[PDB]
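Shown next as structure tokens: one chain only, the form deposited in one PDB entry.
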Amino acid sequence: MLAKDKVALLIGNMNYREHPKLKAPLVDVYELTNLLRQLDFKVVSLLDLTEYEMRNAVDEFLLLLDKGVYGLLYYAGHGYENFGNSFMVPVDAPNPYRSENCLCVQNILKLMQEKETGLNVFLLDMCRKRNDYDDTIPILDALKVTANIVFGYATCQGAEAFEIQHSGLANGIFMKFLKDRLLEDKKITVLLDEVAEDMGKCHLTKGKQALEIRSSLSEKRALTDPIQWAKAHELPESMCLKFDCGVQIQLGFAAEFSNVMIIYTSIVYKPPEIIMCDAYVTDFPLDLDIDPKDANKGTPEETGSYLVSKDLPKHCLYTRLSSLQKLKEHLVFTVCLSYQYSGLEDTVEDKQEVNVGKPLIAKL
């Protein structure tokens, strides 16, 4: 079977304002993103989205879909299920909340079918208990019979999906088993059936979490099928800032998610006549809500990044810019330089505005 293209939106919600926070969606999304890229998917991965941002992202996803295109949605975070409809809960959901604060997966499915996709895959890594406060009874149009729909639910209706408390960089339970099967060259239904059996050996979750598979896929389609973001993943180029005093500072940028970028700085040149100099970043747009106590750390790990010292240049200072989708205007920040001349006593301070526009998903 052939795909016209293969596109995936992955969303991982953790930083809930009014509900228990989660931890593993970060690692689950990161790792599924890379696995899907190995299978030649165009992937948008996003963390910590509000209701408005989740709908925007689905709208963007749906734009990428067309006839014959494989579309895959993965969601890791709080969810629930009422009356056969699954809902994804955004990080700004009130408590209590209801269906109007959430995205109904069946609505997304209907919209994808209208693009005449060749395959629709939903992997829902979320709880599926009822929401007693949500007594809306909205019957959607009967979906068309396109015989190309596959759901892999991390858990069964009325049950919870889990991740391991206090477990560092461990996956949630679903991704823990999915990750070791995703690359198999097998019909997606068969692949998921295998994951279900792997999970049936997980002692921790037996009797509480089991995969549910729902499928009407009547062709042997797989995530590996041959294909026969553009403005969504633009990264500013590395730049070399030369200050008046001769010091030069390298500024580099790394994508961690489509809405999380790491900036890092290092001294690449210090004139002989200057004895000491430090460079740091500051004055980021208020929208990104960067806390300066969290910036200019000696290690990526200290910024709360999934990235470790070995995936990035060494001996820099790193700053994590999450929530890039909130960036309304241009990403303008300041590179400050402190230095001192041999023979002098005064610490001199220079600064320089830098403007890299709207990176990654901020680009809209």
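A residue's number is simply how far along the shown sequence it sits, counting from 1. Whichever C-alpha set is largest while still superposing within 1.5 Å between the two forms counts as the rigid core.
Absent from the display: the form deposited in another entry. The rest refers to it.
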| property | result |
| --- | --- |
| CA of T50, rigid core aligned, shift of 2 Å or more between this form and the one not shown | no |
| Core-aligned C-alpha movement of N34 between this form and the one not shown, 2 Å or more | no |
| Threshold 2 Å Cα movement between this form and the one not shown at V335, rigid core reference | yes |
| Pair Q209/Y30, Cα separation in the other entry versus the displayed form, closer or farther by 3 angstroms or more | farther |
| In the other entry, shift in Cα separation for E234 relative to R37, 3 Å or more | closer |
